$ cat input18.cif   # mmCIF, N, CA and C atoms
data_coords
loop_
_atom_site.group_PDB
_atom_site.id
_atom_site.type_symbol
_atom_site.label_atom_id
_atom_site.label_comp_id
_atom_site.auth_asym_id
_atom_site.auth_seq_id
_atom_site.Cartn_x
_atom_site.Cartn_y
_atom_site.Cartn_z
ATOM 1 N N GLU A 1 75.628 83.192 121.548
ATOM 2 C CA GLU A 1 75.629 83.682 120.191
ATOM 3 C C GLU A 1 75.161 85.122 120.082
ATOM 4 N N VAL A 2 74.008 85.424 120.687
ATOM 5 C CA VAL A 2 73.331 86.691 120.428
ATOM 6 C C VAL A 2 74.238 87.881 120.700
ATOM 7 N N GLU A 3 75.107 87.790 121.704
ATOM 8 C CA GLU A 3 76.075 88.864 121.915
ATOM 9 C C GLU A 3 77.074 88.936 120.764
ATOM 10 N N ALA A 4 77.605 87.789 120.343
ATOM 11 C CA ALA A 4 78.495 87.785 119.192
ATOM 12 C C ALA A 4 77.777 88.291 117.944
ATOM 13 N N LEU A 5 76.530 87.871 117.741
ATOM 14 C CA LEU A 5 75.791 88.339 116.575
ATOM 15 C C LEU A 5 75.649 89.854 116.584
ATOM 16 N N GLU A 6 75.381 90.431 117.755
ATOM 17 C CA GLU A 6 75.234 91.876 117.844
ATOM 18 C C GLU A 6 76.501 92.575 117.381
ATOM 19 N N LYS A 7 77.662 92.060 117.798
ATOM 20 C CA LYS A 7 78.929 92.704 117.473
ATOM 21 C C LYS A 7 79.216 92.620 115.983
ATOM 22 N N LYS A 8 78.936 91.466 115.371
ATOM 23 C CA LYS A 8 79.206 91.316 113.950
ATOM 24 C C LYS A 8 78.263 92.185 113.131
ATOM 25 N N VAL A 9 76.996 92.257 113.525
ATOM 26 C CA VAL A 9 76.071 93.112 112.790
ATOM 27 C C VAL A 9 76.524 94.567 112.864
ATOM 28 N N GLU A 10 76.987 95.004 114.038
ATOM 29 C CA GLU A 10 77.461 96.377 114.183
ATOM 30 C C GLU A 10 78.703 96.624 113.334
ATOM 31 N N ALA A 11 79.624 95.661 113.295
ATOM 32 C CA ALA A 11 80.759 95.765 112.389
ATOM 33 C C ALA A 11 80.285 95.929 110.947
ATOM 34 N N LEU A 12 79.304 95.110 110.539
ATOM 35 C CA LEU A 12 78.812 95.131 109.166
ATOM 36 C C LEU A 12 78.158 96.464 108.830
ATOM 37 N N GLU A 13 77.378 97.005 109.767
ATOM 38 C CA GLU A 13 76.734 98.287 109.532
ATOM 39 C C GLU A 13 77.760 99.373 109.272
ATOM 40 N N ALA A 14 78.823 99.418 110.076
ATOM 41 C CA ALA A 14 79.875 100.399 109.838
ATOM 42 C C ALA A 14 80.494 100.195 108.468
ATOM 43 N N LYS A 15 80.848 98.952 108.149
ATOM 44 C CA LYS A 15 81.453 98.668 106.852
ATOM 45 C C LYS A 15 80.497 98.980 105.710
ATOM 46 N N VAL A 16 79.205 98.711 105.885
ATOM 47 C CA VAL A 16 78.281 98.992 104.791
ATOM 48 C C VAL A 16 78.110 100.487 104.617
ATOM 49 N N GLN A 17 78.137 101.239 105.714
ATOM 50 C CA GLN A 17 78.043 102.683 105.583
ATOM 51 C C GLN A 17 79.248 103.244 104.831
ATOM 52 N N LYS A 18 80.462 102.810 105.182
ATOM 53 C CA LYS A 18 81.629 103.295 104.448
ATOM 54 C C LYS A 18 81.573 102.915 102.965
ATOM 55 N N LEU A 19 81.111 101.703 102.640
ATOM 56 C CA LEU A 19 81.051 101.298 101.233
ATOM 57 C C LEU A 19 80.043 102.135 100.467
ATOM 58 N N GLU A 20 78.914 102.445 101.094
ATOM 59 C CA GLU A 20 77.929 103.295 100.443
ATOM 60 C C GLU A 20 78.523 104.656 100.087
ATOM 61 N N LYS A 21 79.238 105.265 101.032
ATOM 62 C CA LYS A 21 79.863 106.550 100.774
ATOM 63 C C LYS A 21 80.861 106.439 99.635
ATOM 64 N N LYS A 22 81.752 105.444 99.701
ATOM 65 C CA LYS A 22 82.751 105.292 98.648
ATOM 66 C C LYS A 22 82.090 105.064 97.295
ATOM 67 N N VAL A 23 81.054 104.227 97.253
ATOM 68 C CA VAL A 23 80.412 103.902 95.980
ATOM 69 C C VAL A 23 79.622 105.098 95.458
ATOM 70 N N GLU A 24 78.992 105.855 96.357
ATOM 71 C CA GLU A 24 78.301 107.064 95.929
ATOM 72 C C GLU A 24 79.283 108.078 95.376
ATOM 73 N N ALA A 25 80.501 108.121 95.916
ATOM 74 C CA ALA A 25 81.510 109.009 95.348
ATOM 75 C C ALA A 25 81.984 108.508 93.987
ATOM 76 N N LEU A 26 82.114 107.186 93.822
ATOM 77 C CA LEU A 26 82.474 106.651 92.514
ATOM 78 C C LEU A 26 81.359 106.880 91.502
ATOM 79 N N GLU A 27 80.106 106.632 91.884
ATOM 80 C CA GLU A 27 79.008 106.824 90.936
ATOM 81 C C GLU A 27 78.865 108.289 90.518
ATOM 82 N N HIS A 28 78.996 109.215 91.459
ATOM 83 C CA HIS A 28 78.832 110.621 91.135
ATOM 84 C C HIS A 28 80.117 111.254 90.638
ATOM 85 N N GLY A 29 81.241 110.549 90.744
ATOM 86 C CA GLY A 29 82.516 111.115 90.350
ATOM 87 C C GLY A 29 82.973 112.266 91.216
ATOM 88 N N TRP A 30 82.606 112.273 92.499
ATOM 89 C CA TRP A 30 83.025 113.356 93.379
ATOM 90 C C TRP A 30 84.544 113.442 93.436
ATOM 91 N N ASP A 31 85.041 114.674 93.571
ATOM 92 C CA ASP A 31 86.460 114.942 93.794
ATOM 93 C C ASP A 31 87.345 114.302 92.721
ATOM 94 N N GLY A 32 86.884 114.343 91.473
ATOM 95 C CA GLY A 32 87.665 113.858 90.352
ATOM 96 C C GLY A 32 87.914 112.366 90.318
ATOM 97 N N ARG A 33 87.214 111.590 91.139
ATOM 98 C CA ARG A 33 87.408 110.148 91.172
ATOM 99 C C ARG A 33 86.588 109.477 90.078
ATOM 100 N N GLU B 1 65.117 81.477 115.144
ATOM 101 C CA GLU B 1 65.688 82.613 114.460
ATOM 102 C C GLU B 1 67.204 82.648 114.537
ATOM 103 N N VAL B 2 67.746 82.511 115.751
ATOM 104 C CA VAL B 2 69.159 82.795 115.981
ATOM 105 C C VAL B 2 70.054 81.980 115.060
ATOM 106 N N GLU B 3 69.672 80.745 114.745
ATOM 107 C CA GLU B 3 70.444 79.982 113.767
ATOM 108 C C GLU B 3 70.341 80.606 112.379
ATOM 109 N N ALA B 4 69.132 80.973 111.961
ATOM 110 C CA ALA B 4 68.983 81.654 110.683
ATOM 111 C C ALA B 4 69.745 82.976 110.678
ATOM 112 N N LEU B 5 69.674 83.730 111.773
ATOM 113 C CA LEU B 5 70.399 84.994 111.829
ATOM 114 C C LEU B 5 71.895 84.779 111.653
ATOM 115 N N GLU B 6 72.435 83.732 112.276
ATOM 116 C CA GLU B 6 73.859 83.459 112.154
ATOM 117 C C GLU B 6 74.243 83.247 110.698
ATOM 118 N N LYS B 7 73.419 82.498 109.959
ATOM 119 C CA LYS B 7 73.740 82.173 108.574
ATOM 120 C C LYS B 7 73.693 83.414 107.699
ATOM 121 N N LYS B 8 72.698 84.277 107.914
ATOM 122 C CA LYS B 8 72.587 85.475 107.096
ATOM 123 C C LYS B 8 73.726 86.437 107.400
ATOM 124 N N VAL B 9 74.090 86.577 108.670
ATOM 125 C CA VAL B 9 75.204 87.459 108.997
ATOM 126 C C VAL B 9 76.485 86.958 108.337
ATOM 127 N N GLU B 10 76.703 85.640 108.346
ATOM 128 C CA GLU B 10 77.895 85.082 107.715
ATOM 129 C C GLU B 10 77.877 85.307 106.207
ATOM 130 N N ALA B 11 76.716 85.142 105.573
ATOM 131 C CA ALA B 11 76.592 85.486 104.164
ATOM 132 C C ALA B 11 76.977 86.945 103.929
ATOM 133 N N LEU B 12 76.468 87.846 104.782
ATOM 134 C CA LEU B 12 76.714 89.275 104.621
ATOM 135 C C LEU B 12 78.190 89.607 104.785
ATOM 136 N N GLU B 13 78.843 88.981 105.765
ATOM 137 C CA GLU B 13 80.261 89.227 105.973
ATOM 138 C C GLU B 13 81.064 88.862 104.741
ATOM 139 N N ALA B 14 80.777 87.706 104.140
ATOM 140 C CA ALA B 14 81.471 87.329 102.914
ATOM 141 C C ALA B 14 81.216 88.351 101.823
ATOM 142 N N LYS B 15 79.950 88.713 101.623
ATOM 143 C CA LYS B 15 79.616 89.688 100.591
ATOM 144 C C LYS B 15 80.244 91.044 100.879
ATOM 145 N N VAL B 16 80.303 91.449 102.147
ATOM 146 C CA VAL B 16 80.890 92.754 102.433
ATOM 147 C C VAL B 16 82.388 92.719 102.208
ATOM 148 N N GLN B 17 83.025 91.590 102.504
ATOM 149 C CA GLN B 17 84.451 91.494 102.241
ATOM 150 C C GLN B 17 84.738 91.592 100.744
ATOM 151 N N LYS B 18 83.985 90.867 99.913
ATOM 152 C CA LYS B 18 84.207 90.977 98.473
ATOM 153 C C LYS B 18 83.963 92.401 97.962
ATOM 154 N N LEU B 19 82.936 93.088 98.473
ATOM 155 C CA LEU B 19 82.663 94.449 98.002
ATOM 156 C C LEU B 19 83.783 95.396 98.393
ATOM 157 N N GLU B 20 84.325 95.228 99.594
ATOM 158 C CA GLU B 20 85.445 96.061 100.011
ATOM 159 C C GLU B 20 86.630 95.906 99.061
ATOM 160 N N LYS B 21 86.966 94.664 98.715
ATOM 161 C CA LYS B 21 88.064 94.424 97.795
ATOM 162 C C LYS B 21 87.784 95.070 96.450
ATOM 163 N N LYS B 22 86.592 94.827 95.894
ATOM 164 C CA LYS B 22 86.267 95.403 94.593
ATOM 165 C C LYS B 22 86.314 96.924 94.639
ATOM 166 N N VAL B 23 85.775 97.521 95.702
ATOM 167 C CA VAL B 23 85.719 98.980 95.785
ATOM 168 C C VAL B 23 87.112 99.558 96.016
ATOM 169 N N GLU B 24 87.938 98.868 96.805
ATOM 170 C CA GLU B 24 89.311 99.319 96.986
ATOM 171 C C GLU B 24 90.078 99.249 95.681
ATOM 172 N N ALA B 25 89.768 98.269 94.831
ATOM 173 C CA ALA B 25 90.407 98.223 93.521
ATOM 174 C C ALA B 25 89.903 99.345 92.620
ATOM 175 N N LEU B 26 88.607 99.672 92.700
ATOM 176 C CA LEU B 26 88.094 100.798 91.928
ATOM 177 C C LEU B 26 88.673 102.115 92.430
ATOM 178 N N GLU B 27 88.727 102.314 93.746
ATOM 179 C CA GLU B 27 89.262 103.573 94.267
ATOM 180 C C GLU B 27 90.742 103.752 93.920
ATOM 181 N N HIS B 28 91.532 102.692 94.022
ATOM 182 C CA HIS B 28 92.953 102.804 93.745
ATOM 183 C C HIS B 28 93.271 102.629 92.272
ATOM 184 N N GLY B 29 92.296 102.207 91.470
ATOM 185 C CA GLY B 29 92.544 101.953 90.065
ATOM 186 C C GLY B 29 93.474 100.791 89.803
ATOM 187 N N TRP B 30 93.481 99.782 90.676
ATOM 188 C CA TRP B 30 94.354 98.634 90.466
ATOM 189 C C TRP B 30 94.045 97.961 89.137
ATOM 190 N N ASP B 31 95.095 97.427 88.509
ATOM 191 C CA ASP B 31 94.975 96.613 87.302
ATOM 192 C C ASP B 31 94.210 97.336 86.191
ATOM 193 N N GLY B 32 94.458 98.636 86.052
ATOM 194 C CA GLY B 32 93.872 99.418 84.981
ATOM 195 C C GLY B 32 92.373 99.609 85.047
ATOM 196 N N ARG B 33 91.743 99.284 86.172
ATOM 197 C CA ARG B 33 90.301 99.427 86.305
ATOM 198 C C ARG B 33 89.944 100.856 86.693
ATOM 199 N N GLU C 1 66.617 91.738 121.991
ATOM 200 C CA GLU C 1 67.616 91.927 120.966
ATOM 201 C C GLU C 1 67.257 91.247 119.657
ATOM 202 N N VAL C 2 66.897 89.962 119.729
ATOM 203 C CA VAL C 2 66.793 89.141 118.526
ATOM 204 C C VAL C 2 65.846 89.754 117.507
ATOM 205 N N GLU C 3 64.776 90.405 117.956
ATOM 206 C CA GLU C 3 63.914 91.109 117.010
ATOM 207 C C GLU C 3 64.643 92.291 116.379
ATOM 208 N N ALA C 4 65.336 93.086 117.191
ATOM 209 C CA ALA C 4 66.124 94.177 116.636
ATOM 210 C C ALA C 4 67.204 93.648 115.697
ATOM 211 N N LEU C 5 67.869 92.560 116.078
ATOM 212 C CA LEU C 5 68.898 92.000 115.209
ATOM 213 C C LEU C 5 68.321 91.598 113.860
ATOM 214 N N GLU C 6 67.129 91.004 113.863
ATOM 215 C CA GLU C 6 66.510 90.593 112.612
ATOM 216 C C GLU C 6 66.314 91.786 111.691
ATOM 217 N N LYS C 7 65.856 92.911 112.250
ATOM 218 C CA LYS C 7 65.561 94.086 111.438
ATOM 219 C C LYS C 7 66.833 94.677 110.853
ATOM 220 N N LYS C 8 67.904 94.730 111.649
ATOM 221 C CA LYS C 8 69.147 95.303 111.154
ATOM 222 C C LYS C 8 69.761 94.407 110.088
ATOM 223 N N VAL C 9 69.710 93.094 110.285
ATOM 224 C CA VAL C 9 70.251 92.202 109.267
ATOM 225 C C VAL C 9 69.489 92.371 107.956
ATOM 226 N N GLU C 10 68.163 92.505 108.034
ATOM 227 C CA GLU C 10 67.366 92.694 106.825
ATOM 228 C C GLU C 10 67.697 94.019 106.148
ATOM 229 N N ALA C 11 67.880 95.082 106.931
ATOM 230 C CA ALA C 11 68.347 96.340 106.366
ATOM 231 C C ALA C 11 69.672 96.144 105.633
ATOM 232 N N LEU C 12 70.609 95.424 106.266
ATOM 233 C CA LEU C 12 71.935 95.221 105.693
ATOM 234 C C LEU C 12 71.865 94.427 104.398
ATOM 235 N N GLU C 13 71.024 93.393 104.369
ATOM 236 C CA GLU C 13 70.883 92.597 103.161
ATOM 237 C C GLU C 13 70.416 93.448 101.998
ATOM 238 N N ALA C 14 69.419 94.305 102.225
ATOM 239 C CA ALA C 14 68.967 95.196 101.163
ATOM 240 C C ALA C 14 70.097 96.103 100.714
ATOM 241 N N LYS C 15 70.784 96.725 101.669
ATOM 242 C CA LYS C 15 71.884 97.618 101.324
ATOM 243 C C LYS C 15 73.010 96.872 100.622
ATOM 244 N N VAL C 16 73.293 95.637 101.034
ATOM 245 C CA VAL C 16 74.380 94.918 100.378
ATOM 246 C C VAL C 16 73.980 94.528 98.969
ATOM 247 N N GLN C 17 72.707 94.204 98.762
ATOM 248 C CA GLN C 17 72.269 93.888 97.413
ATOM 249 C C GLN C 17 72.399 95.103 96.498
ATOM 250 N N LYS C 18 71.953 96.279 96.950
ATOM 251 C CA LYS C 18 72.107 97.466 96.114
ATOM 252 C C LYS C 18 73.579 97.777 95.823
ATOM 253 N N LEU C 19 74.467 97.607 96.808
ATOM 254 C CA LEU C 19 75.884 97.903 96.572
ATOM 255 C C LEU C 19 76.482 96.939 95.564
ATOM 256 N N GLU C 20 76.094 95.672 95.636
ATOM 257 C CA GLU C 20 76.580 94.705 94.662
ATOM 258 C C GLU C 20 76.197 95.113 93.242
ATOM 259 N N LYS C 21 74.939 95.506 93.047
ATOM 260 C CA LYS C 21 74.493 95.937 91.734
ATOM 261 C C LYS C 21 75.286 97.147 91.273
ATOM 262 N N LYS C 22 75.397 98.166 92.131
ATOM 263 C CA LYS C 22 76.129 99.368 91.744
ATOM 264 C C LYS C 22 77.581 99.042 91.416
ATOM 265 N N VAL C 23 78.216 98.197 92.227
ATOM 266 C CA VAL C 23 79.631 97.891 92.019
ATOM 267 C C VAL C 23 79.815 97.026 90.775
ATOM 268 N N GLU C 24 78.882 96.107 90.526
ATOM 269 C CA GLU C 24 78.952 95.316 89.304
ATOM 270 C C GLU C 24 78.783 96.197 88.083
ATOM 271 N N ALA C 25 77.980 97.256 88.187
ATOM 272 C CA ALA C 25 77.867 98.188 87.071
ATOM 273 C C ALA C 25 79.144 99.005 86.902
ATOM 274 N N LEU C 26 79.784 99.394 88.012
ATOM 275 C CA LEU C 26 81.057 100.098 87.905
ATOM 276 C C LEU C 26 82.142 99.186 87.346
ATOM 277 N N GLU C 27 82.225 97.945 87.824
ATOM 278 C CA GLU C 27 83.264 97.043 87.324
ATOM 279 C C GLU C 27 83.083 96.734 85.836
ATOM 280 N N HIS C 28 81.851 96.510 85.397
ATOM 281 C CA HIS C 28 81.616 96.173 84.005
ATOM 282 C C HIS C 28 81.473 97.402 83.127
ATOM 283 N N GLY C 29 81.374 98.587 83.726
ATOM 284 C CA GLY C 29 81.169 99.797 82.955
ATOM 285 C C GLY C 29 79.830 99.863 82.258
ATOM 286 N N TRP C 30 78.791 99.250 82.829
ATOM 287 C CA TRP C 30 77.477 99.289 82.202
ATOM 288 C C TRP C 30 77.004 100.727 82.038
ATOM 289 N N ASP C 31 76.266 100.965 80.951
ATOM 290 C CA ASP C 31 75.600 102.241 80.702
ATOM 291 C C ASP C 31 76.574 103.421 80.754
ATOM 292 N N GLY C 32 77.774 103.221 80.214
ATOM 293 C CA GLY C 32 78.755 104.283 80.113
ATOM 294 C C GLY C 32 79.317 104.790 81.422
ATOM 295 N N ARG C 33 79.083 104.085 82.525
ATOM 296 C CA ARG C 33 79.581 104.516 83.823
ATOM 297 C C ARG C 33 81.021 104.061 84.016
#

$ encode --input "input18.cif" --output "structure tokens"
Amino acid sequence: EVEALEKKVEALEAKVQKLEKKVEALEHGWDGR
Amino acid sequence: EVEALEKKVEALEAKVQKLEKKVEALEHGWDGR
Amino acid sequence: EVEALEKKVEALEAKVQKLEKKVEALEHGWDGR
């Protein structure tokens, strides 16, 4: 498990980082969005 | 721990998938949103 | 690993909770957003 868990957590971290950026752009209205 | 960790990661994956869909709908403006 | 995994999952849970709130505010248009 622990190896599989490591991979899924790393996937999630990448996805959470991208969502934070997208949501921060939506909240601030960057680039006319 | 490892059993608890598995459950929380699975919860997070579901939540991250729903957030991606919602944010992709906000970014693309689907359905007048 | 398992200790490191616990910390990253906890970080992710906090971040996912904040994103849910922000996205729910964007979807519902709370506070004129």

$ resolve_selection --input "input18.cif" --expression "the PyMOL selection byres ((chain C) within 8 of (chain A))" --output "list in words"
residues 1, 2, 5, 8, 9, 12, 15, 16, 19, 22, 23, 26 and 33 of chain C

$ calpha_fit_and_write --input "input18.cif" --fixed "chain A" --moving "chain B" --output "PDB file with N, CA and C atoms, in the frame of the given file"
ATOM      1  N   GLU B   1      75.627  83.192 121.549  1.00  0.00           N
ATOM      2  CA  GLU B   1      75.630  83.682 120.191  1.00  0.00           C
ATOM      3  C   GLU B   1      75.160  85.122 120.082  1.00  0.00           C
ATOM      4  N   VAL B   2      74.008  85.424 120.687  1.00  0.00           N
ATOM      5  CA  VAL B   2      73.331  86.691 120.428  1.00  0.00           C
ATOM      6  C   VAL B   2      74.238  87.881 120.701  1.00  0.00           C
ATOM      7  N   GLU B   3      75.106  87.790 121.705  1.00  0.00           N
ATOM      8  CA  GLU B   3      76.075  88.864 121.915  1.00  0.00           C
ATOM      9  C   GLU B   3      77.074  88.935 120.765  1.00  0.00           C
ATOM     10  N   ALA B   4      77.604  87.790 120.343  1.00  0.00           N
ATOM     11  CA  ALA B   4      78.496  87.785 119.192  1.00  0.00           C
ATOM     12  C   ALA B   4      77.777  88.291 117.944  1.00  0.00           C
ATOM     13  N   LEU B   5      76.530  87.871 117.741  1.00  0.00           N
ATOM     14  CA  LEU B   5      75.791  88.339 116.575  1.00  0.00           C
ATOM     15  C   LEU B   5      75.649  89.854 116.584  1.00  0.00           C
ATOM     16  N   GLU B   6      75.381  90.431 117.755  1.00  0.00           N
ATOM     17  CA  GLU B   6      75.233  91.876 117.844  1.00  0.00           C
ATOM     18  C   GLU B   6      76.501  92.576 117.382  1.00  0.00           C
ATOM     19  N   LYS B   7      77.662  92.060 117.799  1.00  0.00           N
ATOM     20  CA  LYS B   7      78.929  92.704 117.473  1.00  0.00           C
ATOM     21  C   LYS B   7      79.216  92.619 115.983  1.00  0.00           C
ATOM     22  N   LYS B   8      78.936  91.467 115.371  1.00  0.00           N
ATOM     23  CA  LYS B   8      79.206  91.316 113.950  1.00  0.00           C
ATOM     24  C   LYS B   8      78.263  92.186 113.132  1.00  0.00           C
ATOM     25  N   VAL B   9      76.996  92.257 113.525  1.00  0.00           N
ATOM     26  CA  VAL B   9      76.071  93.112 112.790  1.00  0.00           C
ATOM     27  C   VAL B   9      76.524  94.566 112.864  1.00  0.00           C
ATOM     28  N   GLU B  10      76.987  95.004 114.039  1.00  0.00           N
ATOM     29  CA  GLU B  10      77.461  96.377 114.183  1.00  0.00           C
ATOM     30  C   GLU B  10      78.703  96.624 113.334  1.00  0.00           C
ATOM     31  N   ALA B  11      79.624  95.661 113.295  1.00  0.00           N
ATOM     32  CA  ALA B  11      80.759  95.765 112.389  1.00  0.00           C
ATOM     33  C   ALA B  11      80.285  95.929 110.947  1.00  0.00           C
ATOM     34  N   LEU B  12      79.304  95.110 110.539  1.00  0.00           N
ATOM     35  CA  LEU B  12      78.812  95.132 109.166  1.00  0.00           C
ATOM     36  C   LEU B  12      78.158  96.464 108.830  1.00  0.00           C
ATOM     37  N   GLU B  13      77.378  97.005 109.767  1.00  0.00           N
ATOM     38  CA  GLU B  13      76.734  98.287 109.532  1.00  0.00           C
ATOM     39  C   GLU B  13      77.759  99.373 109.273  1.00  0.00           C
ATOM     40  N   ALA B  14      78.823  99.418 110.076  1.00  0.00           N
ATOM     41  CA  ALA B  14      79.876 100.399 109.838  1.00  0.00           C
ATOM     42  C   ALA B  14      80.493 100.195 108.468  1.00  0.00           C
ATOM     43  N   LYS B  15      80.849  98.952 108.149  1.00  0.00           N
ATOM     44  CA  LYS B  15      81.453  98.668 106.852  1.00  0.00           C
ATOM     45  C   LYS B  15      80.497  98.979 105.710  1.00  0.00           C
ATOM     46  N   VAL B  16      79.204  98.711 105.885  1.00  0.00           N
ATOM     47  CA  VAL B  16      78.281  98.992 104.791  1.00  0.00           C
ATOM     48  C   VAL B  16      78.110 100.488 104.617  1.00  0.00           C
ATOM     49  N   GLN B  17      78.138 101.239 105.714  1.00  0.00           N
ATOM     50  CA  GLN B  17      78.043 102.683 105.583  1.00  0.00           C
ATOM     51  C   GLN B  17      79.248 103.244 104.831  1.00  0.00           C
ATOM     52  N   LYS B  18      80.462 102.811 105.182  1.00  0.00           N
ATOM     53  CA  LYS B  18      81.629 103.295 104.448  1.00  0.00           C
ATOM     54  C   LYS B  18      81.573 102.915 102.965  1.00  0.00           C
ATOM     55  N   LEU B  19      81.111 101.703 102.640  1.00  0.00           N
ATOM     56  CA  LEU B  19      81.052 101.298 101.233  1.00  0.00           C
ATOM     57  C   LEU B  19      80.043 102.134 100.467  1.00  0.00           C
ATOM     58  N   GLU B  20      78.914 102.445 101.095  1.00  0.00           N
ATOM     59  CA  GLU B  20      77.928 103.296 100.442  1.00  0.00           C
ATOM     60  C   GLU B  20      78.523 104.656 100.088  1.00  0.00           C
ATOM     61  N   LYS B  21      79.238 105.265 101.033  1.00  0.00           N
ATOM     62  CA  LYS B  21      79.863 106.551 100.774  1.00  0.00           C
ATOM     63  C   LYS B  21      80.861 106.439  99.635  1.00  0.00           C
ATOM     64  N   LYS B  22      81.752 105.444  99.701  1.00  0.00           N
ATOM     65  CA  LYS B  22      82.750 105.292  98.648  1.00  0.00           C
ATOM     66  C   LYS B  22      82.090 105.063  97.295  1.00  0.00           C
ATOM     67  N   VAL B  23      81.054 104.226  97.253  1.00  0.00           N
ATOM     68  CA  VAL B  23      80.412 103.902  95.980  1.00  0.00           C
ATOM     69  C   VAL B  23      79.622 105.098  95.458  1.00  0.00           C
ATOM     70  N   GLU B  24      78.992 105.856  96.357  1.00  0.00           N
ATOM     71  CA  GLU B  24      78.301 107.064  95.929  1.00  0.00           C
ATOM     72  C   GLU B  24      79.282 108.078  95.376  1.00  0.00           C
ATOM     73  N   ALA B  25      80.501 108.121  95.916  1.00  0.00           N
ATOM     74  CA  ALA B  25      81.509 109.008  95.348  1.00  0.00           C
ATOM     75  C   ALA B  25      81.983 108.508  93.988  1.00  0.00           C
ATOM     76  N   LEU B  26      82.114 107.186  93.822  1.00  0.00           N
ATOM     77  CA  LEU B  26      82.475 106.651  92.514  1.00  0.00           C
ATOM     78  C   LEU B  26      81.359 106.879  91.502  1.00  0.00           C
ATOM     79  N   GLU B  27      80.107 106.632  91.884  1.00  0.00           N
ATOM     80  CA  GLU B  27      79.008 106.824  90.936  1.00  0.00           C
ATOM     81  C   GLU B  27      78.864 108.290  90.518  1.00  0.00           C
ATOM     82  N   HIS B  28      78.996 109.215  91.459  1.00  0.00           N
ATOM     83  CA  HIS B  28      78.831 110.621  91.135  1.00  0.00           C
ATOM     84  C   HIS B  28      80.117 111.254  90.637  1.00  0.00           C
ATOM     85  N   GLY B  29      81.241 110.549  90.743  1.00  0.00           N
ATOM     86  CA  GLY B  29      82.516 111.115  90.351  1.00  0.00           C
ATOM     87  C   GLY B  29      82.973 112.266  91.216  1.00  0.00           C
ATOM     88  N   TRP B  30      82.605 112.273  92.499  1.00  0.00           N
ATOM     89  CA  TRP B  30      83.026 113.356  93.379  1.00  0.00           C
ATOM     90  C   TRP B  30      84.544 113.442  93.436  1.00  0.00           C
ATOM     91  N   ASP B  31      85.041 114.674  93.571  1.00  0.00           N
ATOM     92  CA  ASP B  31      86.460 114.942  93.794  1.00  0.00           C
ATOM     93  C   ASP B  31      87.345 114.302  92.721  1.00  0.00           C
ATOM     94  N   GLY B  32      86.884 114.343  91.473  1.00  0.00           N
ATOM     95  CA  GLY B  32      87.665 113.858  90.352  1.00  0.00           C
ATOM     96  C   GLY B  32      87.914 112.366  90.318  1.00  0.00           C
ATOM     97  N   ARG B  33      87.214 111.589  91.139  1.00  0.00           N
ATOM     98  CA  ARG B  33      87.408 110.148  91.172  1.00  0.00           C
ATOM     99  C   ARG B  33      86.587 109.477  90.079  1.00  0.00           C
TER     100      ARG B  33
END

$ atom_distance --input "input18.cif" --atom1 "CA of residue 32 (chain C)" --atom2 "atom N of residue 30 (chain A)"
15.2 Å

$ select_by_dssp --input "input18.cif" --residues "chain C" --states "alpha helix (DSSP H)" --output "MDAnalysis selection string"
chainID C and resid 2:28

$ decode --input "input18.cif" --residues "region 21-29 of chain A" --atoms "N, CA, C and O atoms" --output "tab-separated table (two decimals), in the first residue's frame"
chain	number	residue	atom	x	y	z
A	21	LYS	N	-4.19	27.65	-8.00
A	21	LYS	CA	-3.86	28.68	-8.96
A	21	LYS	C	-5.09	29.10	-9.73
A	21	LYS	O	-5.39	30.30	-9.85
A	22	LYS	N	-5.84	28.13	-10.27
A	22	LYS	CA	-7.03	28.47	-11.04
A	22	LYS	C	-8.04	29.24	-10.19
A	22	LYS	O	-8.62	30.22	-10.65
A	23	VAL	N	-8.24	28.81	-8.94
A	23	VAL	CA	-9.24	29.45	-8.09
A	23	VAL	C	-8.77	30.83	-7.66
A	23	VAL	O	-9.57	31.77	-7.57
A	24	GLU	N	-7.47	30.99	-7.41
A	24	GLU	CA	-6.95	32.31	-7.09
A	24	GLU	C	-7.10	33.25	-8.27
A	24	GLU	O	-7.31	34.45	-8.09
A	25	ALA	N	-6.99	32.73	-9.50
A	25	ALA	CA	-7.23	33.57	-10.66
A	25	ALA	C	-8.71	33.93	-10.79
A	25	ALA	O	-9.05	35.06	-11.17
A	26	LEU	N	-9.60	32.98	-10.48
A	26	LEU	CA	-11.03	33.29	-10.50
A	26	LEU	C	-11.39	34.29	-9.40
A	26	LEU	O	-12.11	35.26	-9.66
A	27	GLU	N	-10.87	34.10	-8.19
A	27	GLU	CA	-11.20	35.03	-7.11
A	27	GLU	C	-10.68	36.44	-7.39
A	27	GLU	O	-11.37	37.43	-7.11
A	28	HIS	N	-9.47	36.56	-7.91
A	28	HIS	CA	-8.90	37.87	-8.16
A	28	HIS	C	-9.31	38.43	-9.51
A	28	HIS	O	-9.06	39.61	-9.78
A	29	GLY	N	-9.93	37.61	-10.36
A	29	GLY	CA	-10.28	38.05	-11.70
A	29	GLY	C	-9.10	38.33	-12.59
A	29	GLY	O	-9.18	39.20	-13.46
